[PDB]
Amino acid sequence: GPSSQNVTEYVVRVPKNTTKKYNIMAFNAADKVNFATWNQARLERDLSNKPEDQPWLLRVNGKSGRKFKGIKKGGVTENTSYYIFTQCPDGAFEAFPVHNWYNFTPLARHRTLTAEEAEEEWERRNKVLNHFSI
Amino acid sequence: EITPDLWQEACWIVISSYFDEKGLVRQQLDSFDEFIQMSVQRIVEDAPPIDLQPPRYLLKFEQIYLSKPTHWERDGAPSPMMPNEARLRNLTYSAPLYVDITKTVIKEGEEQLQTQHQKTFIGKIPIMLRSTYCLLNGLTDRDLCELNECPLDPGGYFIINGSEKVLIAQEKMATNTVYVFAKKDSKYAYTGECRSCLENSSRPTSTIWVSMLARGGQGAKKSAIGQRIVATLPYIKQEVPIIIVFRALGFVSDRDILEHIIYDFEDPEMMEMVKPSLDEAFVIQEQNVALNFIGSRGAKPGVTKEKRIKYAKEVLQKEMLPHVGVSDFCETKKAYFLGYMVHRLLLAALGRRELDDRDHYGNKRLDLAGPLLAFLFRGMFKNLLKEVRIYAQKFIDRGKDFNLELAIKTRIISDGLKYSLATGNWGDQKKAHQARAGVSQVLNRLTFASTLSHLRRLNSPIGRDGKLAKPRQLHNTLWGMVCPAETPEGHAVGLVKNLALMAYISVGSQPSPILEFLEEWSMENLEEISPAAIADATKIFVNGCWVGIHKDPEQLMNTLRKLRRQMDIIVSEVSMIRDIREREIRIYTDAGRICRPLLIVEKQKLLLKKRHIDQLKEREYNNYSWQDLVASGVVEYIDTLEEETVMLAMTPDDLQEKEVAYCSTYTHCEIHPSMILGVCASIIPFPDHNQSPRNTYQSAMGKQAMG
Amino acid sequence: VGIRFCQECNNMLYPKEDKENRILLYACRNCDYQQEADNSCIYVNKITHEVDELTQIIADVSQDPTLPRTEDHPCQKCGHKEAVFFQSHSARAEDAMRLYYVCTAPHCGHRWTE
Amino acid sequence: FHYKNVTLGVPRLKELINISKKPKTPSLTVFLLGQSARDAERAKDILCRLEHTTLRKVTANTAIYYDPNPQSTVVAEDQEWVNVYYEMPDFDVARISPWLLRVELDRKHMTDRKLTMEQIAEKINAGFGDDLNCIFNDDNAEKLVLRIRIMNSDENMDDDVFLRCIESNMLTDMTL
Amino acid sequence: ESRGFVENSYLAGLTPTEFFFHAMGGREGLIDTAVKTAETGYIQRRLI
Amino acid sequence: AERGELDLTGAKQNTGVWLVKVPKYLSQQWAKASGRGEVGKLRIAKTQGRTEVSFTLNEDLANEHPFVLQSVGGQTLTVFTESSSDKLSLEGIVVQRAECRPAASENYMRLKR
Ligand SMILES: [Zn+2]
Ligand SMILES: [Zn+2]
């Protein structure tokens, strides 16, 4: 097949400017997210921190949809820059710089908790079972 | 080309090459040249500026200089002092110290006015004799006699108020590693420890325990669930469950926490043990309430909420494991290491790995003059900057101006070092009660072999009357690195010890060039990997820090050893351990490890051919010496830790002959087994014929013989 | 005997009992994902602890230059006539002076006691 | 130490000098009155009768199964004896607990103390209450197993954690 | 011979590995005497 | 049309992108990109049991960098943008990662020996 006998040569350019900053949006493979299920998405900087440093908040499907939180990686160009390489209709390659790395993870909308009450809970549990002994 | 049974004259011709170059007190002279070329420049360079204020001012230090030791006469005319006048006139042998300071005024007054005052006087540092900064460096015997000095004097001591002081190397427990003990008296059934210090930059060293409570806790409640893993962080009052401190770093989910702690989910025996750790920590199930829980009990109980969430943020960020990373970023590393610390505590409870040994001599480090004066110079440079502010603020509120040559109190560094050296207590003058005593005693000049046996002496800092025998008995690991026969009687039996003849203490280096080689030799970083590709990989540590994994360890180990054989890229003083069973690889570069050379052995033959001998008996007019012998890969320095993964032969002509043989995979060979004795114990004829306590008496008795 | 993780929130699935069909159900305590148990046993506790370390020793120990070797006992799976033997070197050292062997031929790794 | 364990010398002296509660090896020497002082067999039987023996010393392994019905018999071969009990079915008073506890014993450690699970069976009942119920094999079968369920009067705090608490409590507080 | 049995005599001299084990035995025998004096002196003072 | 609204077009197009790690000195050479931004040409040779990619510097940029292909498995990677008009857009999903290295980095041969 062409992956075995395939051969080719293409030109690479690195434009000194772009119309938009380029970032990486990373997902855990273990989740195997079906992007087709994403009818829509909202994407906003996280509000816990109340800008460029702000973690992202991703809300899939507008109103009723999924939600992820994206946390910035420590470094992205500390030793080596990361580039996005894109194929163009002329076959030539275009390279785009990676501005930032954000880590996206899934969120658990159910199961709310209040440790104040749960602290008393663990003590009571550590008391009732300790009582009525022998 | 081989050396058959000409061995008895061949082993004594390489040992002559060793002592002709190194000498007997290179221990002392090399740690000093380090403290004064690097360890002093870094201290002033890595210091916070003193921005202060309307206008505001700048001050920062750039470069340090020194001059040859000098004495200021009665009328202010300087002159170089020779070491002899320092003894006769009860002077002190020291050298002045300068620095470059730059001062910029920032008032946004449409101009940033900067100015600098270079070579500003600071103080005076003592100078160890025969160093690279002494007046006797590199002189010939015709000139050493002309200044009334002895050409045989070894050097390696200070002259302070006429006296001659010598610094005693102090022992110390190794840092940045995990040790598992078992206190059989207290509530804990197991315990871990890790003393951390971020590359010679912190006055204290933060220590963190990871305990586990006892099984026989009398109480029906805890009887069923079992023991709960606890942690005792620094700067907090109360114990903390581990799942709580895990969530304070993020990682609130319990599928993500239990993959930093357990590396393979086909193990039901371990997962059962960590289950009752979640039940009690199924309380703080979100981040901010967790920070409040740990933030509630500190050195200051927070009255408000935001301060506790602030207070708990840095203590968990700048006091927890500072050796991994202190930046507020890269907090996935502090999670893995804290996971490895707990994964290793469970292995000690299922009985899959043995507990660590306290007196195993591979867990110890030695503090020479270098790492001792540098520790004492920090506490007196901060103390010098703390009192430029007090003089600037009092002087800038009136708004007049500023002048710095009058701000520097020069008596801080001069009288600071000179005091503690002369009297011994390793502290401050108003701190004659909080210091460690017994360092810096007076050189012994009774006989010439009592002088040499003083510049080579260790000291374990445990008490001098404790009846516990295990810090006093002879460890087997002391083979070849500490003299077995020489020790004093009385109350200090086994507490002070002398090191063997060829034992060599390392000086230290930077791990930068090995890390840059490791990443380009197919080592996956920790961040960009999945925690399921960790079961069949060998975790690679470097200097105490987990820095990746690797799916092919042995080739790397042999390659590294081979590189070390020529020391091609690796300072020949780094040790590289690989333990096949626990499936990891360790690398060390720090200062304090104790080494000794051995002979490298290939398949079953030595690597020292005859071509190396007939050109080594000619060093006088050939310029071929010990250094050209290490750089050719026939000898090699072997640490104590690395000495557990090695197979030694005592003598070539007798242990490396094919037969029905003991072993067949010898990796090294000794030079002569007589180099396991100290200085005062190697003047005894036929000591292999006496009873053992007799050899101890003479070694403590030839130190007081007239000559 | 193993462990069960939830398929939604990736947590530990607890066992529960339903009074309808008399079948073990594994439940979660964050969400309420459910499923039935196939082996229908929960707890097991081995006190004999007679685990044969033939399942714990690694095949690369035959690269150790500090272990004794033998020409008497050859390997069965490959016929190599050189082995390397040692002791239990673990706990359960009451009557533990057995002698496990490992073949030294490259890429055999066969292990056996006697 | 050059001489089992006895304390002599100056530490024994200052153990006699003071009367501190803690001798480093308290030991009562015992002598025997009857022909038991002569023959080794009666000496060994009174030996075993004096020594303390708990449960975890006579067990091989334990397992918590789930039998919602005593005829389910999840493990394959215990159906025989549990069934020959089942044709003589007694104590089905309130319910039948779906939670089971199965214990395996080591006849080596059993016979050395001259024990068999009959006396164990009554005393694990007589001494703890009647909340437990023990059916057992016949010792002619090589492996000695006895199965226990909670008294179903409690089913008309989870019973699983309670059964694990009881399991972890009986093997150390046995007092055989 | 690998765990401490010295099979020579003081007239025929010891081999290195035996000279080390002999040193170990002597060392412990040397520590015990250092402890004994203080212990016995103090206890006798109390009793008297 | 809203600030927090993210374009999903790239993803929904299943648009693929390539990811390449580049040394700073080369990247510093690249900030001096020739002409509009051209830096050179990429050469790709695939065989029945070997595939070779490399990049060659522009003659102007000069006044061979082989690629090491890296796996993207274990973590799904996509690229998302922020315009100078602050509009947000997803350009694509990462179908390749790589790291060009200088050829014959000195001794390595010595360290193999
Ligand atoms: Zn769940
Ligand atoms: Zn084989």
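These residue numbers are counts, starting from 1, taken along the chain as shown.
According to its header, this structure was worked out by electron microscopy, 6.2 Å.
Placed from the backbone N, Cα and C atoms, the Cβ positions cover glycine too.
As recorded in Swiss-Prot, the features of this protein are as follows:
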type: MOD_RES; residues: F:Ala1; note: N-acetylalanine
type: MOD_RES; residues: F:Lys21; note: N6-acetyllysine
type: MOD_RES; residues: F:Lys32; note: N6-acetyllysine
Taking just the CA atoms, what is the gap between F:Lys32 (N6-acetyllysine) and F:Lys21 (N6-acetyllysine) in Å? 18
Compute the C-alpha separation of F:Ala1 (N-acetylalanine) from F:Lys21 (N6-acetyllysine), stating it in Å without decimals. 35
For F:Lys21, F:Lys32, listed as modified residues, tell me which one has the smallest number of other Cβ atoms within 10 Å. F:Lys32
Could you check what DSSP calls F:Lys21 (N6-acetyllysine) once collapsed to helix, strand or coil? strand
Modified residues satisfying Cβ distance under 8 Å to any chain A Cβ, from F:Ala1, F:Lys21, F:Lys32: F:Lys21
How many other Cβ atoms sit within 10 Å of the Cβ of F:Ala1 (N-acetylalanine)? 4
